[PDB]
Number of protein chains: 4
Amino acid sequence: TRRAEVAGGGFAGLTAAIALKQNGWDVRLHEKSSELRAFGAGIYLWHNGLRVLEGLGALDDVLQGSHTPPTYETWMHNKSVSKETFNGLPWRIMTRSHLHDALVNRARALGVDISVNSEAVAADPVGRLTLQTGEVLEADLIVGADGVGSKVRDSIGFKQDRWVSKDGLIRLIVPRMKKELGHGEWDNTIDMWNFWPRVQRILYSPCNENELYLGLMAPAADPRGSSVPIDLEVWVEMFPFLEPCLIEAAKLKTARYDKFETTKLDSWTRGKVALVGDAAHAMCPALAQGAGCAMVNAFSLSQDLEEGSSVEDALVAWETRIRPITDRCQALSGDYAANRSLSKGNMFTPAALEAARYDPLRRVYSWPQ
Amino acid sequence: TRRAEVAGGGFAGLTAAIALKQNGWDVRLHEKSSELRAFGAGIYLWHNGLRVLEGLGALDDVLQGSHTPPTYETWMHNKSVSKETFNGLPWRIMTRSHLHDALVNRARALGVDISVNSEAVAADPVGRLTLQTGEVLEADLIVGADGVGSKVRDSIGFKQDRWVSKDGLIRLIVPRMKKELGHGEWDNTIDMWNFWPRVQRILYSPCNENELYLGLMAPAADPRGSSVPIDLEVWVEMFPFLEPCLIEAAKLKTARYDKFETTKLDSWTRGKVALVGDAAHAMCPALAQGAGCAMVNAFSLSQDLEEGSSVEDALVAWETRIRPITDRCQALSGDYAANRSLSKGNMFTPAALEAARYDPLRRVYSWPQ
Amino acid sequence: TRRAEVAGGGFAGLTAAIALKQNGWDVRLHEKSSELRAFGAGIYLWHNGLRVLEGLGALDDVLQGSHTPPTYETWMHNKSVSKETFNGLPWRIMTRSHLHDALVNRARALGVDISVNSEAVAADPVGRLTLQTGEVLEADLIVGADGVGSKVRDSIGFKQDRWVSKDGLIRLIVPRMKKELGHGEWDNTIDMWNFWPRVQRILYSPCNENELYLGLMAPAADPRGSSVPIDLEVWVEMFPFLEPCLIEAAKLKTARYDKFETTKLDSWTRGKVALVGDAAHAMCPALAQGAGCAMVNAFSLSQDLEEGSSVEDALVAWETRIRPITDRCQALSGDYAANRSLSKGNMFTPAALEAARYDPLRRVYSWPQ
Amino acid sequence: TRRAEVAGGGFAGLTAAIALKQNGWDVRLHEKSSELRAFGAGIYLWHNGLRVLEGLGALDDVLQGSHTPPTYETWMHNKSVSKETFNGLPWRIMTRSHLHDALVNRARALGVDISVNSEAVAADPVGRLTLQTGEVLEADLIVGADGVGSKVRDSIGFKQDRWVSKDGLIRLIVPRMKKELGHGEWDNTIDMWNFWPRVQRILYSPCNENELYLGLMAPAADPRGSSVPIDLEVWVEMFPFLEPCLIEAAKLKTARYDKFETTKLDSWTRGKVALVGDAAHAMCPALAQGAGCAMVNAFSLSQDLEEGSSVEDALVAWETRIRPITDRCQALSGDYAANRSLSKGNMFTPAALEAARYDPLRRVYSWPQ
Ligand SMILES: Cc1cc2nc3c(=O)[nH]c(=O)nc-3n(C[C@H](O)[C@H](O)[C@H](O)COP(=O)(O)OP(=O)(O)OC[C@H]3O[C@@H](n4cnc5c(N)ncnc54)[C@H](O)[C@@H]3O)c2cc1C
Ligand SMILES: Cc1cc2nc3c(=O)[nH]c(=O)nc-3n(C[C@H](O)[C@H](O)[C@H](O)COP(=O)(O)OP(=O)(O)OC[C@H]3O[C@@H](n4cnc5c(N)ncnc54)[C@H](O)[C@@H]3O)c2cc1C
Ligand SMILES: Cc1cc2nc3c(=O)[nH]c(=O)nc-3n(C[C@H](O)[C@H](O)[C@H](O)COP(=O)(O)OP(=O)(O)OC[C@H]3O[C@@H](n4cnc5c(N)ncnc54)[C@H](O)[C@@H]3O)c2cc1C
Ligand SMILES: Cc1cc2nc3c(=O)[nH]c(=O)nc-3n(C[C@H](O)[C@H](O)[C@H](O)COP(=O)(O)OP(=O)(O)OC[C@H]3O[C@@H](n4cnc5c(N)ncnc54)[C@H](O)[C@@H]3O)c2cc1C
Ligand SMILES: O=C(O)c1cncc(O)c1
Ligand SMILES: O=C(O)c1cncc(O)c1
């Protein structure tokens, strides 16, 4: 029986672990945290990611208790400039813990071995995984799914571009307050941009009837706009119509201002070691394909290993087949983010939705635009 | 190697033929008419039907050149009373010929044997099918997919319950005429109801950028409102905003008329004989689930034939499994037609969508409401 | 010093009394009832009537505590079909008691002699007025301003044309209830028409921040729709959006009902006798010009009495001058009532507003359309 | 017979001349231009100014061929932030030449003597007017109505604040293009403000069915925004929806960028000399009361001279009675303009409309807010 060691219990690792376990691999997953959790309040998935969940036998638990807005709306200075529905392309908004719980339960149900407080600090391409405790594990496959600061990656050395954005945002979950919001289209996704009187933006994303996901974006050199817990006045000033929710947000002390880190590698594989997710391809958040591409790539990895070839050859086949979708998506996402292209609305072009349109299960592009 | 005779080349018949063929059946399809064609109208499919198409390998041909409206809108006396998007549950509008062509080509590529000009007139519960020429064809399974006037079930004697509505409607296709329509949300499904000055309803359905599907509903007891070619005046009178399109519609010397009609049977199976589509369960078009349930039931038929039983025991287990869903859908659809409930808007409740939520491939309900 | 007896303390009577008084007439006013009061409804005045009020020195008391709606809106089956603002032509809504109180106080300040509990029963074309007590009062001018059942003209015998509508309506006042009404443009005049399920119309008229004037129209042949106190169900059924206000309206054990009624006379003058207001020209309330034409005609009466003629020659020159305007307005108003034309919206055409455009002070038409 | 010499044939002088002539003054008006014309494309008048026209016997010719928008709307970054109707307060938009022609025709009809190419260069308080030609005129009254650079004022010496604004605007008349503008509320007044991506603003004011008045405002140090003829690209960029009209505006070569000059004086009178209009009180354009206050003041001057006192004493009475309305209005207007207070909408407060509410004919405040 083939043995897999997965480093990282985020979406990438849990996806890889479940996918491999379903193919009869024996699999242990290492999470360095004392407990399995997800961070970042909310998340969008699209058709591509939802297809992975389906292939993971975890779709049902994700749809139940999540939400598809009637429309994806963009505002500039409180003026609606676009409403997009993507010609029926499936998409979904949920809390990070909602998507995460579904993945964990599915992994435990298949009998994936999960070690918490277990941190990968080095990996050898001949299939050896070194933990912080000193323990050394032999395996036929080693998946580095350990985030943007991947120690699996850096222990081996991968030529790479790695940098951090100037600005970031505060992501949080607050009650919907839908009756308090009064008249309007409050089940929509609404990207509310402003450049006057200053640069402040909210991405309003309903997760379900109870929970609203908010991304509060202001420049890092805005001492008030970037404060956590949120400086209520400067947010209520530019978003009066979101006051009830902003009030609940001011109450939260777990709130943080996060900047965005990206990584581009020349290669995602070295012998028996594969890098998936942010370890290999962290990107600007603009197209909300960060975890989708991670899940697709993780899922596609288990597929390429069902071909009868050596683990080394499958991995090279894997990357060659799957990476260009992620490359174009990261490039376009970076371009959008640095140009603030989303603020114009109607940005979800056919090209922008390429990653979203990919079906990992049948390996084709679906939902044409 | 099991052998199957399928009577009628409609959606239910083609679905049945392809599904069996994919499972290794030798299948032959008899089409009464001189060729394979559809009524020249539009049609709605939902998640349940789309999943069947995925299961038959015909999803991609369909999605290409079809449209998901941004919303499903209901009007009452030109006042918007409802916008619905079904919490993300997939759906689609397309011409009937579009759906047909995809099923036909998939049927052909797989090597189904399609006999045109060939009319089934009788079937035996021991496994025989009689054509209009009196010729007797043997097989291990006979599929009555011959529509509402099904000779195959009439030849055997099935106790039908029948029910007819006061309403009928005209289904046709015209150019989108989108500029001439001027200002509005003309990519929507708009269900335009009126009770004053008289009962007249137009279902407005965009199929793609070139073709608009119109459903013109009126009491059958209305000489003008049910007239094909269409009585241009009575329609423009109550729907002035659709004038350009209606002008192209009174130009059609031939167009499909139907009186709403719902038939429920004591059973669907007699020995080696199975009834699918309108033959088994024709319903009132309120919930746009006729072809949907047909396809689900035709596809589900080949599923139960795989579990290693006699064709007879399988057909019984089939109906026992898949039927209640069709029954509940037919009942609710007929109730809506009678009380004209769709004029109220917001009528696609969780109960109304139970059919559409059902996933035939995995045999669960998805897309919770 | 000429001397005048005016019968009836309505708008036409008060206008007449004040106008003559300002010109040096000694004037006495007889009010049948125990005191001076108005029906407890609302009322529309236009430029023509406002100019009369300016001419009587009573404009300012009126404008204070009255409202000009931002627009005059027409609905059909809850669909907005019309917004009108009359190219700036002035207009106003106010309670009837508001208009009354201003005229009364102006009448008093000028020293008009107001006799209450005093009922005119007959008048002589030689200059005599008979009270219910049989007492005969002499004067140089008698003014029949005693309303629709005018004893003063009946005593003399005027050939009337009469005409009655199938419709009547309930006029009442309730609190504005503006928060409870929620989202909308609730300072508008909204004329809410319905023909389905049955003919029911509500004229929605804000008078000021505290008081809302409602006109509930229904066929007189409708037992429920014409019932005062109001049949709460039938109204909330067709007007759910006005529920809070209607709740306060079914709380009124007494409220003004009127069947539409239009009377045209062979003439308005007999010798020294002049007829004004409903006495002379009661009309269908479609164009809200009854009190308007009354006041214009009462005010115009004192104008012709100044040009140095016999009271008899003056009264003749008066009608010859001012009457056609009232005739055209009465005809068009009656036509609108009969055909229920106001349901179509945009019905305040140039012709429909000829009355309102007329300026009594300068004797020209203003505010062209 | 009293003789008046009026310097200046703008709205102030023509108003004074007509008013005085109507009171039996003999009056000559001096206009330094070779021909009588008005400049500045369009103009707003309100109730106060319309009341003066009424008192001048020139109201009728102004209403005919002018326009009252349904509403006064304000936009910020294409988002409607206010719609104001001023509780029925009359107001009107017209071309400058429309208001001017009415005044000229009325002045000629009364027999006002009009000398063109006649420029006042000095005035003596004992009633002497010196022209550029050398001619010296004796009179009982001398009205300085000669604009912001009043030579009547400066020949005598009046302590004063006089300055020029930093920015200005381009005012022009173009065809309505109402069909080309497509869907919207294109009979409204719309003040369209923007500060991002740059400071550009259009005041959109319909004058009648044929003529639209546009004020294109950009800073003086914007080389493109301030160009005449207009730089079409930078205007179409921020106002795409006004393209058809902007195209017609680019065509005009008479277009100029004008800055705003103001004057505040300690006194408006010296002996027999009175200053009216911009000569005495030019103000920031924000409240559109520039010509209204001029007309009110001019008209009020003829009133104070019908009191039987000396011309010197009437003039002191005149200013004392009438000036504070103009003072508060100019101060508020200046405050608004420098603060760009109009951009917030809902700025036409009761206080802002004080000047507008004044009725010069009855000397009271009307149309309460
Ligand atoms: C602001 C923002 C908004 C975003 N919105 C979306 C969105 O809407 N939709 C979307 O699809 N994507 C979105 N993304 C991107 C998405 O969050 C990431 O692409 C995704 O979380 C990557 O998951 P991962 O499992 O590869 O990495 P991670 O989530 O970083 O997970 C790795 C897990 O690694 C564990 N671990 C770390 N180091 C070790 C180690 N050395 N040994 C063992 N375990 C280790 C980490 O602690 C954690 O448990 C967004 C990103 C940002 C920044
Ligand atoms: C007005 C109206 C609107 C509708 N809208 C929708 C909608 O939006 N969505 C939806 O899912 N459903 C809709 N339906 C219902 C849907 O059209 C039917 O349920 C569906 O077409 C049934 O297909 P079928 O193949 O069973 O029957 P049919 O389409 O009637 O096809 C049978 C085929 O039978 C062949 N055949 C018949 N008899 C013989 C024979 N004796 N021998 C050999 N061949 C024979 C027929 O000629 C034809 O080729 C609607 C129905 C109506 C009436
Ligand atoms: C439903 C409805 C809605 C209307 N809405 C409007 C509107 O919006 N705007 C508008 O301008 N018009 C409106 N009108 C019409 C308007 O109400 C009348 O034209 C107006 O009230 C007529 O006033 P009047 O003074 O002539 O008569 P009345 O108001 O009838 O007054 C006469 C006065 O007559 C006294 N009197 C009567 N008989 C005698 C007597 N014999 N002896 C002594 N005193 C007597 C009466 O008691 C009372 O004091 C409406 C009318 C109706 C029916
Ligand atoms: C951009 C802008 C927009 C405005 N919008 C409005 C508005 O919407 N509504 C409003 O009410 N006001 C408005 N105003 C203000 C309004 O234009 C002025 O207040 C008004 O034109 C003043 O008129 P006047 O007759 O006093 O002066 P002027 O119009 O300057 O007229 C004097 C006349 O003086 C003649 N003349 C000059 N010198 C002599 C001389 N020495 N001897 C003899 N004749 C002489 C001038 O040539 C001309 O014929 C606006 C002003 C600006 C700048
Ligand atoms: O920060 C963003 O631009 C962003 C854009 N889309 C989804 C999301 O979760 C975040
Ligand atoms: O420039 C202005 O602010 C202006 C404001 N109101 C009316 C007008 O004609 C101009």
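We name chains A, B, ... by the order of the sequence lines, and we start the count at 1 in each one. Numbering of ligands and ligand atoms starts at 1, following listing order.
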Visitor: Strictly below 4.0 Å, N to O, side chains only: are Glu54(A) and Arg51(A) in salt-bridge contact?
Guide: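 Looking at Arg51(A) together with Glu54(A), the answer is yes, because their closest N to O distance falls below 4.0 Å.
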Visitor: Do the side chain of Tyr358(A) and the main chain of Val296(A) share a donor and acceptor less than 3.5 angstrom apart?
Guide: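 No.
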Visitor: Taking only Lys NZ, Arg NE, NH1 and NH2, and the carboxylate oxygens of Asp or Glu, determine whether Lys151(A) and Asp146(A) approach each other closer than 4.0 Å.
Guide: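 So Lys151(A) does not pair with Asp146(A) through a salt bridge.
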Visitor: How close do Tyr257(A) and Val228(A) get, counting heavy atoms only, and between which atoms?
Guide: N-CG1, 4.0 Å
Visitor: What does the 4.0 Å heavy-atom contact list look like for ligand 1?
Guide: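 Heavy-atom contacts below 4.0 Å: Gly8(A), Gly9(A), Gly10(A), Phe11(A), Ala12(A), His30(A), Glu31(A), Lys32(A), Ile43(A), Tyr44(A), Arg96(A), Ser118(A), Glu119(A), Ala120(A), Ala145(A), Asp146(A), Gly147(A), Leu169(A), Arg171(A), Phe260(A), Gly277(A), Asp278(A), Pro285(A), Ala288(A), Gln289(A), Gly290(A), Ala291(A), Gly292(A).
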Visitor: Among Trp91(A), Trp46(A), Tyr44(A), which residue meets the ring-ring contact (aromatic ring centres under 6.0 Å, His included) test with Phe348(A)?
Guide: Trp46(A)
Visitor: Collect the protein residues that have a non-hydrogen atom under 4.0 Å from ligand 5 and hand them over in chain and number order.
Guide: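 Its neighbours under 4.0 Å (heavy atoms only) are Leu169(A), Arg201(A), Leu203(A), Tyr213(A), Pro285(A), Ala286(A), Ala288(A), given by chain and number.
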Visitor: Is a side-chain donor-acceptor pair under 3.5 Å present for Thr71(D) with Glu73(D)?
Guide: no
Visitor: Does a donor on one side chain sit under 3.5 Å from an acceptor on the other, for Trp193(A) and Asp191(A)?
Guide: yes
Visitor: To the nearest 0.5 Å, how far apart are CZ in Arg201(D) and CG in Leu169(D)?
Guide: 7.5 Å
Visitor: Ignoring hydrogens and angles, tell me if any N or O in the side chain of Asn48(D) forms a donor-acceptor pair with the backbone of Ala355(D) under 3.5 Å.
Guide: yes
